[PDB]
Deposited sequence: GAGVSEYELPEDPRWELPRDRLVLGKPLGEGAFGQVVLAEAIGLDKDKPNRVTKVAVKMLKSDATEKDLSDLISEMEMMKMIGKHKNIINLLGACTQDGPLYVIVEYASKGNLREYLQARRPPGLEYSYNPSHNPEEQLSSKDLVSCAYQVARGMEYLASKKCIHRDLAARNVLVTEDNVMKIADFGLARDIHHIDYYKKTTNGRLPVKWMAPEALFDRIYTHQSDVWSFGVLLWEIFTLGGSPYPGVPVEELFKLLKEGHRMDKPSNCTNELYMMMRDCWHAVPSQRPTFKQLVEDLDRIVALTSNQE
């Protein structure tokens, strides 16, 4: 309730115009007036995180901790950035950048090629080239390399946790933040993104996020495909113990599949780092056709 004031980040409440809910604590779309010192007269569309009415002191401490972590990490183009907070005289609001094109999974699926008689009415007004897909991978690797340089371990890197802005910029999110059988809102199992050592030994490192990044690359090249569809938790454990790896998606180069497979090295020390992935993806982007 009574939080201390951080003038670096404090935005007066009368400057924030709460709008439609974006997700559910809970996230709402809002308009911030004079978020920056100049101009005090410009409105910026923002996303506001707040607690729900049924929240406890632990939920408040979690929101505070998340806001505190975002302050420490600092700004990067490929992460959802903290813009402000309302901590005084009312509920805590954590104001962050708004990504109008939703999560990367939704973004990719909406840009899938048009429906056919064997699918047949998916008629997108939006389409992605091969260069655009490698660009998404590069931007996510860049956000992750930055987070890694700030000693941050994501633990849930997946296309659902990557947001897309109006300018098509990839931004890593978290929803700064376990039941293996718990499914996402979309009905998918997060264990399908977890490195075996994180899954079986609860060892979380940058190497285990690199494993998750390999699953994220697979999600990109299948245009929002669902990893291991119809595979329950127990069968997934068995696939990992057998050293099973997902097949190469169609419209994926041998080079990019080799990258996915490298991210999925059984030995964590042998996986590429985010620094190596950013360099390889930088070179690959430049050589990838935008003609198809």
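Not built in the structure, per the record, are deposited positions 1-6, 31-33, 129-130, 189-194.
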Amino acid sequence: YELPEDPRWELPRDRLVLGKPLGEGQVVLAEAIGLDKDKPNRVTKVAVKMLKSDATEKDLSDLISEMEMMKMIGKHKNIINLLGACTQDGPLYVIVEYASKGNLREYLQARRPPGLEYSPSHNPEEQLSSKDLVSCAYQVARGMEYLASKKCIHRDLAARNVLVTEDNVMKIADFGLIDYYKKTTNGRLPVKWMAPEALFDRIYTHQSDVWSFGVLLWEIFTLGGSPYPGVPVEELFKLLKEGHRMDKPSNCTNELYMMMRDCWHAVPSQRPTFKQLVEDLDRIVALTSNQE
From here on, numbers count along this sequence of modelled residues.
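Averaged over Cα atoms, the B-factor as recorded in the entry is higher for 126-134 than for the other of 162-170 and 126-134. Taking the PDB entry as given, 34-42 carries the higher mean Cα B factor of the two stretches 34-42 and 246-254.
Of all the options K183, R105, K77, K192, the entry's greatest CA B-factor is assigned to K183. By the numbers in the PDB entry, the CA B factor is greatest at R13 among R13, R283, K275, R271. Compared with the other modelled residues of the chain, the Cα B-factor recorded for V267 ranks in the lowest third. When the modelled residues of the chain are ordered by C-alpha B-factor, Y204 sits in the middle third. Per the PDB record, residue ranking by Cα B-factor puts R261 in the lowest third of the chain. Among all modelled residues in this chain, the alpha-carbon of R188 has a temperature factor (C-alpha) in the highest third. Among all modelled residues in its chain, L63 ranks in the highest third by Cα B-factor.
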